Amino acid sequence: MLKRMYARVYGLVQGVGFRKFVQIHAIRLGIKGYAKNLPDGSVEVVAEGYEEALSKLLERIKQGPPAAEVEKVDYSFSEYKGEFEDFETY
């Protein structure tokens, strides 16, 4: 039922509202975790919730808002730990 999803996102994905787009969708889907800006310009997303919710969020992560140029997303799944209480940015 529940999983953790990790995604790393490459392209033009900083300074373009990419994480605001991801956050709005994560909240709608009941997902907790975070989207973190890495120094190299990539974004890490850690997301926990229902597996179907994560599948839907992954679609949005790959899509991005129009200003974002999403070129590649590497992702994987692991055990839901249930420790996140909100969806944050770092």
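Counting begins at 1, following the sequence as shown.
Engineer: Would 76 to 84 or 10 to 18 have the larger average of its C-alpha temperature factors, as given in the entry?
Structural biologist: The stretch with the larger mean CA B-factor is 76 to 84.
Engineer: Sort the modelled residues of this chain by their C-alpha B factor and say whether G49 lands in the lowest, middle or highest third.
Structural biologist: As the PDB entry reports it, the C-alpha B-factor of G49 lands in the middle third of its chain.
Engineer: Looking at the entry's B-factor column for C-alpha atoms only, identify whether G41 ranks in the lowest, middle or highest third of its chain.
Structural biologist: Tercile = lowest for this residue's CA B-factor.
Engineer: By the recorded C-alpha temperature factor, relative to the other modelled residues in its chain, which third is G30 in?
Structural biologist: Answer is highest: the recorded C-alpha B-factor places it there.
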